[PDB]
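What follows is a set of notes on a single structure, which appears directly below.
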Amino acid sequence: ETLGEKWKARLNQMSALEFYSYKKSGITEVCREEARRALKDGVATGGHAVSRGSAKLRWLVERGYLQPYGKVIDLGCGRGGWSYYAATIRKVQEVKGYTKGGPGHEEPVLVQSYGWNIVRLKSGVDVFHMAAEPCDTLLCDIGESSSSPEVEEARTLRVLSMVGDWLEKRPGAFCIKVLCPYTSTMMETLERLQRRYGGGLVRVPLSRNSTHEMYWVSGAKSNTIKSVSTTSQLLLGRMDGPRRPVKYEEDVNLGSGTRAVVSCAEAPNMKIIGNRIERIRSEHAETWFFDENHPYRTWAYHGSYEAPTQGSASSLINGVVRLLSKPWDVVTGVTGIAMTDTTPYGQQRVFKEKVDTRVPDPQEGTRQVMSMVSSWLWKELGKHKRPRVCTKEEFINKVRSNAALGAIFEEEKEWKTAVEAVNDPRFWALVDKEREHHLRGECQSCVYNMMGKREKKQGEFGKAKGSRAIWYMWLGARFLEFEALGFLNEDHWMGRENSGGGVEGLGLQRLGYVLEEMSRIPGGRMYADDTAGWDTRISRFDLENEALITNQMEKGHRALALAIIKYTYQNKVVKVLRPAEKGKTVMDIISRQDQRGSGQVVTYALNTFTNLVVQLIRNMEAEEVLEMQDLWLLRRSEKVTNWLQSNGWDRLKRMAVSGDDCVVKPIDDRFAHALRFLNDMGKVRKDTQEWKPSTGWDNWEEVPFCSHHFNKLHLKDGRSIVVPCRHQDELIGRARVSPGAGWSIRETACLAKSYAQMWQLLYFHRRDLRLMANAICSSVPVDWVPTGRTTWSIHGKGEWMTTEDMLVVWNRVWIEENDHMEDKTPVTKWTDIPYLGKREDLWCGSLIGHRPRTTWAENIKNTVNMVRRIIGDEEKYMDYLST
Ligand SMILES: [Zn+2]
Ligand SMILES: [Zn+2]
C-alpha cells in the first residue's frame, strides 16, 4: 500500500547479516564510551548523558523544532535522559518524570547532572490509568518497536489516545514519539490531530534505520505525508547499493551541580542568629563562599564552604540470618530492603521535595481555635504536676556512652564520647557561658547539625532508598534543653495517667490493651490515618501554642525556657551537607522559623501534644461544634470551652496517640469527613486524596498503630494476652541488613542474636520467626553478648539485650509485671505459648505449607551445624530445637 509499509515488509524479508549492514548504515551517532564507563561505575558528577535520548532532544532544540519551558513532564522517561536534558534549559522550572519500569531491563538512573534538584522521578506508573495534569511542556518517548506493523500501529495509536487527554489541557510545547506514521490509518489520524492541535512531524537522523520512528513537535508545521514519505524514500534508497559510513558526533556534556530557584523563604531576624552566623563565617573564613546555584526554596541560604563527605549508602549482609533463610531469597519484599543513602546526594534528594516546603498559613479563626485548645490542654496537663528545672546530676544519671557528640566549633572539638565530656568541668563552664548569654538575650552556640539517618528501608529503583533528614544540636545545647523542658519527658507528662490519650514510654506489649479498652468503649468506628511528614508540617502558630506552658513556670525557669524556645525553636539555624559540581562536596548553612527537628529533646512530647490538639479540633468539627465560617473567624468562642470542659477528658480518653501517629474513636462517622480544619492547619493525610473520606475499621484487632496491628491470643491453659504483629517480610529484611562497614563476624552474630531474642520476646506467635529465632540462638554461641540496634522505636525498651534466658524475661514482662493479668502463674515451657491463627499467620507474611519452607525446616539441623562450622568449632552452642 504505502511506501513505509513496503519498506517494512522488505526489512522483515531480510536476514541477520543484511539486518546488520542496513540498521546502522549512514546514520549519526554519539561517542558513548565516555558515558558507558561512568554508567558502570556510577559516577554521578561526571555530568554525562544517561541514555541516547538526551542527544535526541538536544538536536531537536538546537535546530529549534521544540521550545520548552516551565513545568515539564516526561512520559516514559526510562533512564530519564529526556528529563535530565530538560533540567539544563534556561526556561524550565520543574521536571517530573514518569515511567513503568520494574521487571526486565527498564529502570531509571540517578545522577548529578546540572539542575538535578528539579528532577522528581517515579517508577511503577501505568500512565494509561493516570489522570492528566496541566503541564507547560509535554514530552513522551513511549513506543515499543516490533516486527508486526499491526503492533506498531496498535500501540502508537494507543499512546496517542492517551496523550490527547493531556495535550487538550494546553501545553506550551510538546514532543511525542510516533513509531508508525506510515500507514493509512496513522497518516489520516496524524493529519487530523496536526490540524486540531498543531505542530509537525520530524524524523531524527540519530534514530536507527530499523524503525520508522518520527517525533511530533510543537515548533514545526510540516505536512504529514511530506516528511513521512521523505523518510520512507531515504530509508529505501539507503537500503540498496552501498553501506554508507556512520558519522560520529560528540555526545552532549550536561554539566553538574544544582540550579538556582525562586527563593520564597521568609527573611530571618538577623539579631537572633547573626552571632552564630558570623561566628561560623569567622571560623571558616578561608574557603567561605556563596553559591548562586543554591537549591533552597523555603530555607534562608546563609552560605557554604568546602568540606569532606560524610556517610555512605552501601548495604552489608548479615550472613547469619541470610544463610538461615534461603527460601526467602525469592521475595522482593525482603531482598529489596537495604540501607538508607546518607550521602549528601541521598540526603538532598529527599530534602528538596519533603523538607523544602512552607506550610499553608492557617486562618485566624483556626489560629484562635488552636490557641484555645492548646491553652485548655496546658491547663488540664499542669493541674496535678508542676514545672521544674532539671539538674546536671539527672542529666549525667540518664546519659550513656553511645550518645551523639555534635562537633561544631573549635572549643567543642576536644572530647570523643559523652561519658568523657560530662566528667570535665570545662564542658559545664562553657554551658554556664551559653547560659549567661541566654539569660542576657543572646545565643552563641545552640546550632543544629543535620545529616541522613542510617535506617533499614525498602530500596527504590532497585537501588538505595533515600535517607530522611535527622538533625540535632551539640551536647551542651541539649543540656540547656533538658534543664529547661527536660522534665516534660522526665515526669511523664504524656503518660496515660496524666495525659489520658498519651502513652509516653509504654511498651509494645501493652498498647493492644489500650486498643481493647478503646474498642469496648461504644461509638462509631476506629480511625488511624497517618499524618504526612509531621515534622515539616509544624507551623509557627503551633510552636507559639506549645510555648504557652511557660505561664506555669517561675521567673528564672520562664526566662531560661522562653529564651531557649525563642533562640532555638522559633528561629532555627542548620548546617547541612551538599554535593557540589565536579565531584567536590560542601557544607551549607541555612535557617528558617518553622517545623520541628527529630533531635529536639522534647520531640515526642511536643509532637504528641499538638497531635492531641489536632485530634481534639477534628473531634469538634466532626460533632458540629465548629461551623464552616469559623476557619475565617470564630463565632461565639465560649462554646469551645463549653465543649472542652463538658467532654474533653471524655473524648481525650477515646484517643491513643504517639508522636506523629494517632488512633481515635469518635461518637459517629462524621469524623470520617470532617477534614476542613485538619487541612487548613496543614496536616494533610498521607497517601490519600485530600478531600476523600477516611477509611475506618470495625474490628479493633486489625488497627495499625506505630507500624503494628495487635492480636488477642488465648493461652493453651486458658489466659488471654495481647500481642503485637506486623508483616513478616519487613522484619526478616530488617534482620538481613548489617549497618557498619567492615565489621568482624562477632558483632554481626551479636546483631543476629539481638534480633532472634527480639522475635522470641515479641513475635513468638509467628511460626517462622519463632523457628528462625530458635535457629539463630542455637547456631550463635550463647556466650556472646547482644550488641547493635534493631528497631528505632521508643516503645522497644531493649529487654532482649542481655545474656539472660528468654523464658524468664517472657514471664516477667508478660505475667509478673503484666498489669492487666490477675493470675500470676508463670508458664513452664515454650510449647505452652500458642501460635497465631494459621490463616492470620499466612496473611501476615508466613510461608507455612510451601515446599521451600518445608525443605529448609526439615534440613534445619544440617544448615545450623554448617553455621557452627563456619563460625568455628569448640565454642559453646546450645541446641534449642527440642520439638
Ligand atoms: Zn544558645
Ligand atoms: Zn498479624
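Don't worry about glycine lacking a Cβ; one is built from the backbone with ideal geometry, like all the others, and counts go over all protein chains shown. Bear in mind these aren't lab numbers, they're just calculated from the coordinates by the rules spelled out.
Some notes on this structure:
- Between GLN458 and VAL782, the contour length at 0.36 nm per residue exceeds the Cα-Cα span by 113.5 nm.
- Annotation for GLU249 and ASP165: the two label points, set 7 Å from Cα along the Cα-Cβ direction, are 3.5 nm apart.
- Farthest towards the positive end of the charge dipole of the chain, among the residues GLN629, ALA9, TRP493, is the Cα of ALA9, using unit charges on the Cβ of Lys, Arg, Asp and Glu.
- The angle between the Cα long axis of helix 53-62 and the longest principal axis of the Cα atoms of the chain comes to about 60 degrees, rounded to the nearest 10.
- Scaled radius of gyration (Cα, divided by 2.2 N^0.38 Å) that the chain gives: 1.09
- Degrees separating the helix 638-652 axis from the principal Cα axis of the chain, which is the longest one: 80 degrees
- For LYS829, the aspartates and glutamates whose Cα comes closer than 18 Å to its Cα, not counting residues fewer than 8 places off in the same chain, are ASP717, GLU804, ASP805, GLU816, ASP879.
- Our coupling estimate for region 391-400, obtained by passing each phi through the Karplus curve with A = 6.51, B = -1.76, C = 1.60 and θ = phi - 60°, is 9, 2, 5, 5, 4, 5, 5, 6, 4, 10 Hz, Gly and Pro reported as x.
- Summarising the label geometry, the points placed 7 Å from Cα in the beta-carbon direction at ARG400 and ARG195 lie 7.6 nm from one another.
- Difference of contour (0.36 nm per residue) and Cα-Cα distance, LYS716 to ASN293: 145.6 nm
- Once the Cβ-Cβ distance of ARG90 and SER882 is raised to the sixth power relative to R0 = 56 Å, the FRET efficiency obtained is 0.15.
- Applying a threshold of 23 Å to the alpha-carbon distances of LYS23/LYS56; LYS71/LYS122; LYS354/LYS653 flags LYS354/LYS653 as lying beyond it.
- Computed from point charges on the beta carbon alone (+1 for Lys and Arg, -1 for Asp and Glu), the dipole magnitude for the chain about its Cα centre is near 1940 Debye.
- Protection proxy ranking of 708-715, 16-23, 755-762, 91-98, by the mean of other Cβ atoms within 10 Å over each peptide's residues and highest first, is 755-762, 91-98, 708-715, 16-23.
- Stretched out straight at 0.36 nm per residue, the stretch from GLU286 to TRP743 would grow longer than its current Cα-Cα span by 160.8 nm.
- Using alpha-carbon coordinates, inclination of helix 149-167 to the longest axis of the chain, degrees: 60 degrees
- Sites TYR69 and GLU144 - FRET efficiency at Förster radius 25 Å, r taken between beta-carbons, to 0.05: 0.25
- Amide hydrogen proximity for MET526: with H placed 1.01 Å from N in the peptide plane, the residues at 5 or more positions away or on another chain lying under 5 Å are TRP697.
- On the beta carbon distance between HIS673 and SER371, with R0 = 25 Å, the FRET formula returns roughly 0.45.
- In this simple spin-label approximation, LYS379 and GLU29 carry label points 7 Å from Cα along the Cα→Cβ vector, and these lie 8.0 nm apart.
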